[PDB]
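In: I need the structure of the sequence given here:
(2 chains)
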Amino acid sequence: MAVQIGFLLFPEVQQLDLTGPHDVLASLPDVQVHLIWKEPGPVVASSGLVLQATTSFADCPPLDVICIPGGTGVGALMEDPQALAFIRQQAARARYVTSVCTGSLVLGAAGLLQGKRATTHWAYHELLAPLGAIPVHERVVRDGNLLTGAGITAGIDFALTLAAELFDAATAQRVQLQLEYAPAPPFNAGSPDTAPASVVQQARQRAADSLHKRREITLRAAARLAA
Amino acid sequence: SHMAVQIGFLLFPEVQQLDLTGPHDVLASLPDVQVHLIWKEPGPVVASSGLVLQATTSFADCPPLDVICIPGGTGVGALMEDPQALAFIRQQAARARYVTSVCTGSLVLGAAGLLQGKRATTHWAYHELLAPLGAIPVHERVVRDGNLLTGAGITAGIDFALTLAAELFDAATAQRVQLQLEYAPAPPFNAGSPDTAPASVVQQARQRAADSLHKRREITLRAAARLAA
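Out: Residues are numbered from 1 along each chain as shown, chains lettered A, B, ... in the order given. Sure, structure below:
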């Protein structure tokens, strides 16, 4: 009867995609939160922060909510049939199937974005359409029981949205206040629409190799869904 | 590299993990930083939510830090009376380029004597505990006094870390990180501050925190008495 919430924890995850939502959701009554990988034990994030998976795929209970974070490690997952099959297995009955940042590309590779409205990190957004999504430029996009969040820090806004769906608005407001989540960002560069052009150019320049490699992975993943 | 900026977070039992992990991912995005997670010994440390983190170094083996950062959480009460942790913080604060904290981590800075006559904030529910530790209490989300930079409650760590990034490097660098992370929060409710949340919500929350506040007040006054002697 506790709400079962599971995050996929994988090598080279962008840890804040997971740890933001985790601290939001673990604050709720009558929840149990799982960090899932192929086996329990240490899993190193892209920053070198060490996290700890609490369960294997086999021991994970049926989930009410599955959440796929993003990060450098998603390219491997997009071509990992075990991970994709596990995600499909839990998605079907899960009440909610959510990702954050490039975690939606993993949902896409699993075939779970076909004909659905979805978002991802702004630098990767062109990869949603080949995976069958209708790409929406909004920070949290809901299509039925699919909730996708945009890039990294969007996980906090996504998790508060999810909290209200699982419980109610009052419960989400309580958590928002405990987290003192009234952001006053010291710059206005969080989107390509508002950042200085020089900043956008440098960020695009840095993401370019990753985007090309992910363009190739995405097109192999899509072809597998078609065949 | 061997010339990296050395950034250290104190990692203690019953930490509020987001206070640490938010800033960590922002600062680890900067060029040629090394980040340490410091406790009495390396090994696992369990956050208040049950998330397990891993300390990378002991107090004794930690190199001199450019930045020290103290997170908050339920475990701060013990830290405020832990002579070994307080001595480590004071030693590192003697030479650090920035001494910071997030959430109730400033109460630990206060117990270490580092807030006396300095502007600072802390989690809104414990904010009246700054003044007995000698601080000038400021109701702002990131407060700066010289090389002391404190963040307010939990998620303020992200705003804090971007502010610190601009000081360590420059504004263009902190803007790039803000964009690479796509950090543009758009909360679905407006309850992040006691001034804006529905009154019933602020009242529920104060009802909840009261026991903790009365316990932390007594720890705070013991810590203050040790600074006065």
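In: Every contact and neighbour count from this point should use C-alpha atoms.
Out: Noted.
In: Kindly state the beta-bridge partners for residue A:50.
Out: Applying DSSP bridges to residue A:50 gives these bridge partners: residue A:44.
In: Endpoints of stretch A:42-51, how far apart?
Out: This stretch, stretch A:42-51, spans 6 Å end to end (C-alpha to C-alpha, to the nearest Å).
In: go on, stretch A:93-101?
Out: Terminal residues of stretch A:93-101 lie 23 Å apart, using C-alpha to C-alpha.
In: Equivalent analysis for stretch A:51-66, please.
Out: Distances were taken as C-alpha to C-alpha; on that basis the terminal residues of stretch A:51-66 are 18 Å apart.
In: try stretch A:142-156
Out: Distance across stretch A:142-156, first residue to last, is 15 Å (C-alpha to C-alpha).
In: from the chain's centre, how far out does it sit?
Out: In terms of C-alpha atoms, centre = their mean, to the nearest Å, the centre of stretch A:142-156 is found 7 Å from the chain centre.
In: Which positions in that stretch come out as buried?
Out: Of the residues in stretch A:142-156, those buried under the neighbour-count criterion (16 or more other C-alpha atoms under 10 Å in any protein chain shown) are A:142, A:146, A:147, A:148, A:149, A:150, A:151, A:152, A:153, A:154, A:155, A:156.
In: What strand or helix carries the residue in chain A sticking out farthest from the centre?
Out: Here chain A has its C-alpha centre computed as a mean, and the residue farthest from that point, by C-alpha atoms, centre = their mean, is residue A:198 with 28.1 Å. Using DSSP states H and E, the element containing residue A:198 is helix A:197-226.
In: what angle do that helix and helix B:171-180 make?
Out: Between helix A:197-226 and helix B:171-180, the angle comes out at 20 degrees (axes from the mean of the first three to the mean of the last three C-alpha atoms, to 10 degrees).
In: Run through the neighbouring helices and strands of helix A:197-226.
Out: Under the contact definition 3 or more C-alpha pairs under 8 Å, 6 or more residues apart in numbering or on different chains; DSSP states H and E, helix A:197-226 sits against helix A:103-109, helix B:171-180.
In: which ones among the buried residues of stretch A:142-156 come in contact with chain B?
Out: The overlap between these and the neighbours of chain B (C-alpha under 8 Å from any C-alpha of the partner chain) comes to A:150, A:151, A:152, A:153, A:154, A:156.
In: Return the closest of these with respect to residue A:66.
Out: Within these, distances to residue A:66 taken as C-alpha to C-alpha reach their minimum at residue A:156, with 15.5 Å.
In: residues contacting that closest one?
Out: With contacts defined as C-alpha atoms under 8 Å, 6 or more residues apart in numbering or on different chains, residue A:156 is in contact with A:20, A:21, A:24, B:185, B:187.
In: likewise residue A:135?
Out: With contact set as C-alpha under 8 Å, 6+ apart, residue A:135 has these partners: A:117, A:118, A:119, A:125, A:128, A:129.
In: Look up the residues forming beta bridges with it.
Out: According to DSSP bridges, residue A:118 are recorded as the beta-bridge partners of residue A:135.
In: again, but for residue A:3
Out: Residue A:3 has these beta-bridge partners by DSSP bridges: residue A:31.
In: neighbours around it, how many?
Out: Neighbour count of residue A:3, defined by other C-alpha atoms under 10 Å in any protein chain shown: 16.
In: got it, and residue A:167?
Out: The local packing count at residue A:167 equals 12, with neighbours defined by other C-alpha under 10 Å.
In: Please tell me how far residue A:141 sits from chain B.
Out: Noted for residue A:141: a distance of 12 Å to chain B, by C-alpha to the nearest C-alpha, to the nearest Å.
In: what's the burial count for that residue?
Out: That count, for residue A:141 with other C-alpha under 10 Å as the rule, works out to 21.
In: Does it touch residue A:149 like I think?
Out: Yes: because the distance of 6.5 Å satisfies C-alpha atoms under 8 Å, residue A:141 is recorded as touching residue A:149.
In: Tell me the residues that contact both of those two, please.
Out: residue A:119.
In: farthest-separated two in the contacts of residue A:135?
Out: Looking at the contacts of residue A:135 by C-alpha to C-alpha, the two members farthest from one another are A:117 and A:125, with 12.2 Å of separation.
In: Kindly export stretch A:173-180 (C-alpha atoms) in CSV.
Out: Backbone C-alpha positions of stretch A:173-180 (Å, rounded to 0.1, in the frame of the first residue of the first chain) are rendered in CSV as follows:
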residue,chain,number,x,y,z
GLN,A,173,3.1,22.9,-1.3
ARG,A,174,4.2,21.5,2.0
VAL,A,175,7.3,19.9,0.4
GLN,A,176,8.0,23.1,-1.7
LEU,A,177,8.1,25.1,1.5
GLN,A,178,10.3,22.6,3.4
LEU,A,179,12.7,22.7,0.4
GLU,A,180,12.5,26.6,0.4
